[PDB]
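Cβ placement follows ideal geometry from the backbone for every residue including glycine, while neighbour counts extend to all protein chains displayed. Read-outs throughout are calculated quantities, based only on the coordinates presented, and are distinct from any laboratory measurement.
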Amino acid sequence: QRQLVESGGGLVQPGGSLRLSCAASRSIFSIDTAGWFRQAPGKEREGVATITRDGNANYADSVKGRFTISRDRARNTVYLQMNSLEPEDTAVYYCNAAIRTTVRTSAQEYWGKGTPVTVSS
Amino acid sequence: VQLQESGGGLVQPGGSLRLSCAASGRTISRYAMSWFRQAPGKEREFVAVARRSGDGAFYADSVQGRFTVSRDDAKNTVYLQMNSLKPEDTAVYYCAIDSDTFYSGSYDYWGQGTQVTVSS
Amino acid sequence: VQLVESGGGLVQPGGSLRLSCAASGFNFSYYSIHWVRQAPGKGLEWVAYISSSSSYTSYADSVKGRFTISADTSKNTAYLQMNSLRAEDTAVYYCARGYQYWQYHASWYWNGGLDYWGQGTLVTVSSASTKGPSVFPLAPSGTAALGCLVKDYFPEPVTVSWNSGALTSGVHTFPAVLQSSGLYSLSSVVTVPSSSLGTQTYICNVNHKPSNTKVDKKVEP
Amino acid sequence: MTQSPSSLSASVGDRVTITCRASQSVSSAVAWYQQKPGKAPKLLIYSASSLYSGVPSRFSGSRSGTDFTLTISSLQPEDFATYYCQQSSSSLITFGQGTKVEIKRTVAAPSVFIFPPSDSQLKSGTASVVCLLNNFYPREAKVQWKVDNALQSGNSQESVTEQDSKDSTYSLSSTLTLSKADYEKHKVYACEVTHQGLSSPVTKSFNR
């Protein structure tokens, strides 16, 4: 599942912050429902957040307070700003989507490739 | 290649000396440097070895804890700090270079020795 | 999360063989599979890599071309297909889980690693057939050493006991080494009191199960 | 990959450091593994600084310059095994040659023994001569075979035991193999041993 491109991960000291941005490959009409998944190296793909069609911003139960999902209806791009990071949030952060190409074609899934995020001294 | 020990002498039981071994004609930084001692009539016996920096120092049973070997690579000199000295430590002390950088004890060059006498 | 290797017996040089890496538990379409090899008494060495589909496959120069990897998400299984086996490839091959898109990630600040490892199978290439050891005394001439030379056997393993297991202190049974013949040899030695040599009997009991060989050898001064 | 220390000795509870020279790869960060004798290597550190879920906190990462390092703060009597560094690359990873910690202990010179071939073996056409170096430390040693005082090459093999779990020593066997006809051409069979704990070589010999 390609044609999505996350970007923004990078080393960051404990308590820093940064903004990952799921995207689209070319001229996509709309992003129905996003979602950001995490796959730290010794665990299972958890799941961290969920926007909906209009807005729901439902979060996990260990992250409320640091993670602020959003959308950019102008240039179709889901966002995810993590603030005051911690050494337990190291993982690769996948992106999900519900792309719909044109104004009448039915929806269709899409997975990303994800980006790494390391937190340490 | 020449080695020259110094720092021996007469010392009281419980006392301290520091032996030095100065090398010429050879850069010691690449080689382990060892101390041996020989009491009259006895075989020359191992005391301590300082391998290259980071590769560790090793010691004989009889001196463990009391003696410490150390290195000054820049000055091509190795040291034996001898504390808590015992009568049994009386001997001529010798330094030798291990010519094998892989540490198999190829002792080709020896000093002339320095006398240590521990008695009151 | 129980990786399981299987499929390792004995092969003639140049031959071919498949190796099966049964997965379980994790959703197999998410993770890669790596085959890490280890020669006897050396450091590990990476050999292959297969993702969910077959559209991803790297290789390692050691078996570039001689080896065909393959996947089957039907039973979460992965298969290695080795051909033109060389005399050196004798090894202990593994499995190892690991990220799917492990290339697009790797960078100057992240490296996924290999989480779960299997347990290893023992491929072995030879021309060599099953053969029991010859057992020869290592005769002693305040501690004495004595032993048994356990020579020209194949494959591993052999066991050696002393005095039917009553003598265990000071025994050293050396790791086998492969001779230029392609057969193994080792010695088993024991140190004992020199004053015992006249009045104590020393017998090495050698067992090579692959050949059903059992030999007791009295070791006399 | 070239790990710099290769036989780092150490005692219990102390601190030790181990470094993996980036062999100017893509320099993607290392991920240290650990392996005990004859088992499955485990993960210890990924991305060069973070721990693996459920690993004691004694360990640590470090990204000094372009020389990645690992530091065991306190050495539990359990941690004694080989360690491996694993650097990614363009499209193939490669494990380092790997270093091996070991138990510090005051040097022990080998006891040396020589064994002539048995008459039973000779009657079959081959002569195996065995030299035993027993219960020594550190592991490095040299065994030279001399036959009528002539140094031998190419006709011997060595085996070394794993470190003894009680006394932390090694033993070593060297086996010289000759045809019966070659064996019967010579009188003096000698094994000459050196070790850093020996002030002079130890020779054990027999006359055929």
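Quick one: dipole size for the protein assembly as shown, taken about the Cα centre, charges +1 on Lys/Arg Cβ and -1 on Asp/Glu Cβ, in debye to the nearest 20.
The calculated dipole for the protein assembly as shown is roughly 1080 debye.
Of D:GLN163, D:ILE103, D:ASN134, which is farthest towards the positive pole of the range D:61-208's charge dipole, taken about the Cα centre with +1 and -1 on the beta-carbons of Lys, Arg and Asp, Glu respectively?
The residue sitting most towards the positive pole is D:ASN134.
Take C:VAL4 and A:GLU44, extend 7 Å from each Cα along the Cα→Cβ direction, and tell me the distance between the two endpoints in nm.
The answer from the label model is 2.0 nm.
Any idea what the relative contact order of chain D is, in percent, if you count C-alpha pairs under 8 Å spaced at least 6 apart?
18
Rounded to two decimals, what is the ratio between the C-alpha radius of gyration of chain C and 2.2 N^0.38 Å?
1.35
Sum -39500 (n - 2.57) across every DSSP H segment of at least 4 residues in the protein assembly as shown, then divide by the residue count to get the 222 nm mean residue ellipticity, nearest 500.
Computed mean residue ellipticity for the protein assembly as shown: -500 deg cm²/dmol.
Which value in Å does the Kirkwood hydrodynamic radius of the range D:1-105 take, with 1/r averaged over all unlike C-alpha pairs and then inverted?
Final number for the Kirkwood radius of the range D:1-105 is 13.9 Å.
Averaging sequence separations of C-alpha pairs under 8 Å and six or more residues apart, then dividing by the length of chain B, give the relative contact order as a whole percent.
36
Taking beta carbons within 10 Å but only from partner chains, what does the mean come to for residues B:103-112?
The per-residue average across the peptide is 3.
If Rh is defined by the Kirkwood formula over all Cα pairs and Rg also comes from Cα, what ratio Rg/Rh do you get for chain A?
Result: Rg/Rh = 0.97.
Provide a whole-number value for the mean count of partner chain Cβ atoms within 10 Å of the Cβ atoms in peptide D:88-101.
Partner Cβ neighbours, averaged per residue: 5.
I need two numbers for the range D:57-112: Rg to one decimal and Dmax as a whole number, Cα atoms only, in Å.
That works out to 15.9, 51 Å for Rg and Dmax.
Suppose every K and R has +1 on its Cβ and every D and E has -1 on its Cβ; what is the size of the dipole of chain A about the Cα centre, in Debye to the nearest 20?
Roughly 500 debye, rounded to the nearest 20.
Gap in Å between the Cα centre of the range A:47-121 and the Cα centre of the range C:172-191?
61
Using Cα-only point scatterers and the Debye equation, what is log10 of I(q)/I(0) for the range B:2-118 at each q in 0.10, 0.14, 0.15, 0.17 Å⁻¹, rounded to two decimals?
Each listed q maps to, in turn, -0.25, -0.50, -0.58, -0.75.
Positive end of the charge dipole of chain C (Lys, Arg +1 and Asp, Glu -1 on Cβ, about the Cα centre): tell me which of C:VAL63, C:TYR109, C:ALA96 has its Cα farthest that way.
Comparing the listed Cα positions along the dipole, C:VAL63 ranks first.
Please work out the ratio of the alpha-carbon Rg of the range C:137-221 to 2.2 N^0.38 Å and round it to two decimals.
1.10
Determine the distance separating the Cα centre of the range C:128-153 from the Cα centre of the range D:146-180; give it in Å without decimals.
14
Could you tell me what fraction of 2.2 N^0.38 Å the Cα radius of gyration of the protein assembly as shown comes to, as a two-decimal ratio?
1.21
Along the charge dipole of the protein assembly as shown, pointing to its positive end and built from +1/-1 on Cβ of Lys, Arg, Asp and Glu, which listed residue (B:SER16, A:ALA107, D:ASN149) has its Cα farthest out?
Most positive-ward Cα: A:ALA107.
Run the numbers for D:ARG15 and D:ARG105: contour at 0.36 nm per residue of separation, minus the present Cα-Cα distance, in nm.
Length gained between D:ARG15 and D:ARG105: 30.8 nm.
Enumerate the residues in the range B:21-44 having an amide nitrogen under 14 Å from the point lying 7 Å beyond the Cα of B:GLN4 toward its Cβ.
Under cut-off, by backbone N: B:21-26.
Across peptide D:35-47, what mean number of C-beta atoms from other chains lies inside 10 Å of a residue's C-beta?
5
How much of the DSSP bridge set in chain B is antiparallel, in percent, rounded to the nearest 5?
Around 90 percent antiparallel, to the nearest 5.
Using the basic label-point model (7 angstrom from Cα toward the beta carbon), what is the B:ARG66 to A:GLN3 distance in nanometres?
8.3
Can you work out the Karplus-derived ³J(HN,Hα) for every residue in the range D:130-138? Use 6.51 cos²θ - 1.76 cosθ + 1.60 with θ = phi - 60°, whole Hz, and x for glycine or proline.
10, 10, 10, 10, 10, 6, 10, 7, x
State, as an integer percentage, the relative contact order of the range D:2-105 based on alpha-carbon contacts under 8 Å between residues 6 or more apart.
Result for the range D:2-105 is 38 percent.
Counting only the backbone N, which residues of the range D:83-123 are under 17 Å from the spot 7 Å out from the Cα of D:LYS36 toward its beta-carbon?
Label zone hits: D:83-84, D:100-103.
Connecting C-alpha atoms closer than 10 Å in a GNM of chain B, tell me which of B:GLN64, B:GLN81, B:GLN38 has the biggest fluctuation.
Highest fluctuation of the listed residues: B:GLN64.
Apply the Karplus curve 6.51 cos²θ - 1.76 cosθ + 1.60, θ = phi - 60°, to the phi angles in the range D:4-16 and return the couplings in whole Hz, x for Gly and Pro.
For the range D:4-16, the Karplus curve yields 6, x, 10, 9, 4, 7, 5, 10, 5, x, 6, 10, 9 Hz.
If you average 1/r over every pair of different alpha-carbon atoms in the range C:2-125 and take one over that average, what Kirkwood value in Å do you get?
For the range C:2-125, inverting the mean 1/r across all distinct Cα pairs yields 14.8 Å.
Take the alpha-carbon centre of the range B:1-23, take the same for the range D:39-111, and report the distance between them in whole Å.
Cα centres, the range B:1-23 to the range D:39-111: 40 Å.
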